[PDB]
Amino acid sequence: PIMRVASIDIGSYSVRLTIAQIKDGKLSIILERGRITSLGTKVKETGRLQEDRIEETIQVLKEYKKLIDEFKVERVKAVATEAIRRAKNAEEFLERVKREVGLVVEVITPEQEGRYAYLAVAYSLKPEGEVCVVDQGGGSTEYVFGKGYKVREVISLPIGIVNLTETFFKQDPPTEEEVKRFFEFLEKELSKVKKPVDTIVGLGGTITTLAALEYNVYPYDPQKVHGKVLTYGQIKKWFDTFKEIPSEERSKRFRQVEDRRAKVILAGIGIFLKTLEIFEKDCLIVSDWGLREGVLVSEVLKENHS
């Protein structure tokens, strides 16, 4: 019989709901919602989640729970990112969610996010041989190694593209020397995760935007992007293109680039370019699915155990 499953992901910017049906082993997404609640507001400065952001987040979660109830979702898993954990009143916020929404939200590590993203790829792409999933987003890039559905090792590198951009790219766009320093740093960090692999799979907003650009996909359509290959050469040419374009012009020239990602996209592209160089691989496969969908996969595997 068909079963419905759902995931909720609470980040520093948005709270997101994904509902899927599973029918003869096939997962199809049937509902998605997203609301920006900016839970990370002033956490760096005050060490705390702000009350107005908590209250809005609780109201969104109530609305998501109403949908889960009406849609008769049988399995629900809710997670929060380590950026929420950074806050000092996170535990008190999560207790309110238990009491007022009826939902447990698990604070998960970046490594665990990687483990879920890896499951998404295992299901949605079935990559062969020794696999490394490279998941860039939310302040980090995870490198998740395994074979089939089995994760062997996950390494999370805290090389967030906002920080890399601010650190290295003092000009907009950066000078050639700034680009050089950025790559020297990435060589230092990425050489530590290098392992022999058969297949690299790339995830996140940077790489799916790159795939849409390379393959002339507009508007964005996951069916046209998921499973596309990008070679080192293709990624290098996009890096070289964006390094010559001021950030404010990028979304004007290339419509698929979101305004809010336009400045940091170059750093993102560099992570993937240097990754391919260091791992000595000529290409990667793009996934449209990651954490949010991997939580759904995990729920299906749990249902089928025993």
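Numbering starts at 1 and runs along the sequence shown.
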task = For the higher mean C-alpha B factor in the entry, choose 235 to 243 or 253 to 261.
result = 253 to 261
request  = Select between 286 to 294 and 8 to 16 the stretch whose C-alpha atoms have the higher average B-factor in the entry.
outcome  = 8 to 16
request  = Go through 90, 164, 119, 78 one by one and give the residue whose Cα B-factor in the PDB entry is largest.
outcome  = 90
remark   = Highest CA B factor of 134, 84, 105, 217, as deposited, is found at 84
task = Please place residue 170 in the lowest, middle or highest third of its chain by C-alpha B factor as given in the entry.
result = middle
task = Consider only the C-alpha atoms of the modelled residues in this chain, order them by B-factor as the entry records it, and name the third containing residue 193: lowest, middle or highest.
result = highest
query = Hey, what third does residue 281 fall into on Cα B-factor, ranked over its chain?
reply = middle
note = Sorting the chain's modelled residues by C-alpha B-factor and splitting them into thirds places residue 213 in the middle
Residue 127 by Cα B-factor - lowest, middle or highest third of the modelled chain = highest
